């Protein structure tokens, strides 16, 4: 698996690939690993699929309920804190997952959450077996002064590099852009393919 | 064990073989591994037989209850979510199964569900020990434009090849076709046998 | 890894892919796994790279020596028996390999040799983590009456299928054809790429 | 694997199937498990393929040598004793095999030899994972007064029954008959095939 | 232990031997392993004696209760399903048993149930350490067209063969015949003894 | 540790960092991991220091010996084969190392060699705990058309990114350029630092 | 991790670095490890991030509640005792943390609390993988007569030295000073950078 | 144990404490851990006493022999390389030691050598359980410009701080200074005590 | 740790040192290990700090409660019996401690209580890793006739000898004397130092 | 076991008890543990009796041979070094002993040697299970100014105290005094008894 979330001045971009393996065995080429969980909030999943899919359903339900109760979206940090508490509670019988939570409240945020509920905010973050490959690209090429368009190109580059070197990563790249103006937008896959072609990439 | 599920334009095809082993010991040549669990919903089982059979009984009961209560059939993705929740709830004392849920609501769907409740939708999928052989045949021969008759032939060819190479697979091939017109329909044995003869195959 | 050997009327066709992994980490995209070891003899390797490469060097050397001493090529069955004896000798400290030996003496032969020196002749055979997918394709598609050109297409198709479903397989497909008339001939890469386009495949 | 040896009044009949597996994976459908090792002596092999193949080569070598040196064939019991000595000598680094040794010296004999060199003569014997099924058929149906053609049908019946119930057994049945008049005679496949039809069986 | 159940046209025949061991130590020569549990229903027991005896008491109790409540006998399949549910419910603290359930409802049925509640219907089935020998005899000799007296001789033949080769099987053979006309009928020992003589057997 | 070797048109560039840790404990900040071992041959070391240092000493000794005896430099492929043979011969008592061998004979070559003596040629390679980060950068930014100055910048960037994300990597970057015109030249430290500044980097 | 707390005449100084690793992998460079938990009370964390973070939330909640209820701040010794009771209660299912609690009531205090609730007051203390390096610097350079400006330099020095030798420590140094006059005050990053520059340090 | 070696312009300074423990048990308060092994070469020992004492005797013997044979002292790097080869050779039955080798040839050197024979030169180094405390002092206080008197003080400070925090370190500090002019000079206890008294320290 | 309690005619004397370790690591030099728990009752602690501190708080609380309820101090034997019952009750999840309880009721008492709640009265006792050294001093030098001044000296001697040979013992010696006339009296540090100086000792 | 060796101005005193146990079982009350091994050299043994006794025989043989060969006694340090070499050589198949070697050459010496050949000179030392009690007494009561009469009393006291607290120590105390004037002299039992009586002791 490879997932990434980056912050820019007024945006969060989150992306994953789609391969689902059991050891060497590529069972699914198009699993889904990037979810909208609230108006300006996205989540990526890595680790054990069953555990992660249950968390996605919970987060969808709880953030929708919180919004109804509070008349405002849960702050991004509050999402990360909720998950932190839920995961640490079952520490010794854990959800075996790595999560990224990204969103916009008054500012863009990316939080990385581990299976013991450790939660840390970052400028960018990657999860899954492909993540070290992504950190290479990001360390080398990321800039805070990037535009959304360059940010989208960077994450495609980073996940494409990870797909080349991580056999547990593969398939189409899903990208979402989150802004206050347009909200959470999953980019059309034809737009991703066009960017892929132009950047000179394969698979 | 070998099971398969494929989607076509407006149909789902499900098939299995029937061998029940304890190690090398073929105890039963005609076990049943393919089940109707709702009007337009079928399920295959692989793994521990007592676990899988309990799941089949539950799913029959719950899907009948749901549609009496709702006056509509549970959507296929809802069937997969339900199982996903049940299986994950007990992941540290699991149903030791792999499941295929296939059916048609507004569209055809095949879902693959593992012992921890991970559930992934696919265009086609296969489970059991014979499954890598099936995936070989399907990678090579599947087309999204196949007719129902061609799909039926494809799954027969795929299971027959798994039977030639997987000693834990054998016996007669059970096939069911699911359409909006007829619902879930298990094909007559004599029809499967006629297709086996006319494809130049064995068993 | 995926390798395959098939016999036809007066030919042997052997093919591999080129991916070298360290668990999930794709270290090399272009390893070599198919070797000419004598005038009409080839060998494919799967398993521990260092063990397999040492065996390739031995075999090249011993068969060169043998033909100098005997003034005729080592018979294919003799090659397989030599290897069988060598590998069984060290059964408790083994070469952790699966080998295919293919070639022509008075007739085409493919031998499959395991890490304990078990050696069996077959009309076709496959090794590596991708082999069950190949076995699927060959069970449904292989025919004794195939021509060389259709045999070459069959192995490209089989390995293309393995690569789609085995994350430990990947890279360019290497093919050699062995005949009495032409000797051992590795097909040029651009011919393999041409066949991949015309058959409708990826990479 | 299933092998069988029976003694009759002035005859030994020896038979096997031909399936070679790694776990559930049927690698070869036509392995060879029945060998002539001397003028009036046959041997069947079960267990680890590389070990058993080495023993077959050694036995063919040594009984040939002994014959040339003694100017008489090694007595069947001396054959079983040589093997007994060889296997016991390496009990702690064993040949992981079960052997039947059958033939005519001044009388029909069948010997059954284990991986520690334990050797016992019997009127009939069976080895491999399919042998419990064979013992069933033989207990029920064997008679010392049977003729060769009856003996032949018996072993075919016994191995067919084993193939039905032992997933590690399969493939064509090989039968040899050993007499002082005709020596060791492997029966032609068409003749085995014809007896399978007239007995009412399969494969 | 050896038990067997066969279906015939309008009959079920069920049989056991009677040996009860702790390891090699024959404690009892005449244990009872065949029980009537309903008007037209029998059950055989194999595995841990205390577990199987508790299940026999429960089944006699519950089928009697159910009969009084429903005013019809529990259908044979419902019997196998009840057991399936019960055994699976305690899979992690199991009844360490193998069960055969046989009888007449609108047709003859034999069900084989394992320690995890896996339950499969078959035309015939065998349990216990002696069952591989029985499967041999049945594969070779069973015919759906047999009469009851032929069916009876068959099971006697099969268990005698098992007693010859399974040291954990022994003692007198108990046979029951179940029909709609005569109900469940345990055959008198003298009648079993007389058939053993005329078939040419022992014990 | 982080090492990298890349090939260019007529050049090899090899680089490392210098951190020697004992778990978390940074013992030495300036260990040497890049060595000239022949006139146009460099080696990098990763893994157990004492093992790697012994192999460095052997290789300097043996390539000097060989050059003197043959009156030509050992071909790069022969250096890797030599290592491959040595490492494989002791694979059950191994040198716990990963080595890169790079240089120029008639062409530039980089070889990667593992602790079992598996040796593979590549256009580029990286070893050590920091290597995944390096592969990310190389995948994204490597081009076969780069000039030497560009290639020197690439490896500084790749190693700098690894140092940022791999706590077992750190210290000054060592770089060697190997050409037929100039031989093996270690770039002066002042020059690496200069490129570090100009590229916008640290350490 | 490296954290430190020192007492002076009427002051407490607490500092940490910010590196978050999973083994050698630097996930976050700017994690937070020093928190104000009450008006005149701070806390540092080390060990499992999820456990520590939950404990930070509890202490902020409980120290606020206590003060509301008591109309005075919890004494620092009472904070340490509360923690010590909570950690000891769950010592067989522990919070896997080392904690520093520092503050001012009628006097300055630093307490060190382990995962089993053992709690000891000291004049200074350090926790995490970097703490032995820190104790080196403090043993050599701590004086009870130091001014707040001096103690601030001292902890910057301690932590800087730890970051040079502990690869699990890194990133910006955080520092808070606690006094009766100003309460708990976090020093601005620009002031710590200026002091790192003035003292002649790096990282 | 605590040992330390530092280089200055034209000097090496080496120092240890003297505590010999068996777990918590202080067997000897006055062991010796610093040895002159050649005219301008000293060695410190840490780890298993028996192993380290044997190595001291070998080194003294071999360096004396070598000086006699070569008519020059073994270069310090040669001493470290000798130890490297020796320790690596017995890697699987190791001397369980950490060594510092210090001396002057054409320049001052300190080498650190581990139990697998990994050997690294540094400006300074420490070994033993007390070494982390020493690294803290040196990182904070070491200067390459220091005079001999200042370096002597530094190492006393460093060892004194280690003694305060490491219960396996204790007893009198031994110090030797090595120069070209004066040779290896072990400083009189009275002089070290006077410095411990002057610098304001303990023990 | 070293603790000691001795009885004299009309007095109890109790003493500890103050070292708190984590293996070799001296975390705290000044921990407290001797506590007054009632008017004429003291307690020393050894073993796991968290567990021992929790027990100190319970004892102080319960003995105060009991004094309020009964209007007499709990008898020393009752205090030991209370601890006995408490510790024994949680035997399988124990407080991992060694306790001394000392005091005066109608007579002086010292009790020693283990982690399973075994409790024994003695004339004197010691606990901790330093206790064997203490038993040596007491056996040689203890007299029942000693005065308080002499007993104070004895225990200082005893603890000082333990500190010299036990690296897990260290720091200032705390002493309390308990009498009917004066109550529990913790001796001023200055007085203990004066005795350490007078008696000719260290630390 | 308890053994002790002390040095005085011109004297060595060595003593042991005599108890031999197998766990709690006192097999021998009067075993021997102190031996003269050369004119002015004694040795005590502790640990496995058979290992110790073989070592006593070797040292008596070798020290006699050496003296015959050298015409002088082996220096005590040379004795300790010899032992240290021998024990270290076999450290992975060790003599499971603790040894004291004491004697007079130009000065008195006591050396303590462990099972891995670690050897350290000290002013006094003790070995065996009773040694911690002994170190208690010696720390408190040893003086370098003692006379031989005083040191003899001191070791009787040390050992008597050990016998009171160590159940694996017991029986008569053996004592030897070593001087230049009289050599090694074993004290008569009547003299030790008289001193035990005079000092006020038991056992």
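Letters are used for the chains, namely A, B, C, D, E, F, G, H, I and J, taken in the order the chains are written, and counting of residues starts over at 1 for each.
By definition in this document, a contact is a pair of C-beta atoms (placed from the backbone, for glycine too) under 8 Å apart; a residue touches a chain by one contact, two chains touch by 3 or more.
Just so we're on the same page, UniProt names per chain: A, B, C, D, E, F, G, H, I, J = Proteasome subunit beta.
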item: Pair in A-F, F-H or H-I that repeats G-I, with over half of contact pairs matching by residue number; value: F-H
item: Pair with more cross-chain C-beta pairs in contact, given B-D and C-F; value: C-F
item: Whole-Å gap between the CA centroids of subunit B and subunit E; value: 32
item: Averaged-CA centre spacing for the pair subunit F and subunit E, given as whole angstrom; value: 72
item: Computed distance of Cα centres, subunit F from subunit D, in Å; value: 59
item: Subunit D residues counted as touching two or more neighbouring chains; value: 25, 164-165
item: Contact footprint of subunit A on subunit B as seen in their complex; value: 81, 84-85, 87-88, 91-92, 112, 114, 116-120, 122, 125, 132
item: Touch list for subunit A against partner subunit F, complex; value: 132-137, 139-141, 157-158, 160-162, 164-165
item: Touching residues on subunit C, where the partner in the complex is subunit A; value: 19, 21, 24-26, 29, 129, 164-168, 170
item: Contact set on subunit C toward subunit F in their complex; value: 20, 25, 27-28, 30-31, 48-51, 53-54, 57, 93
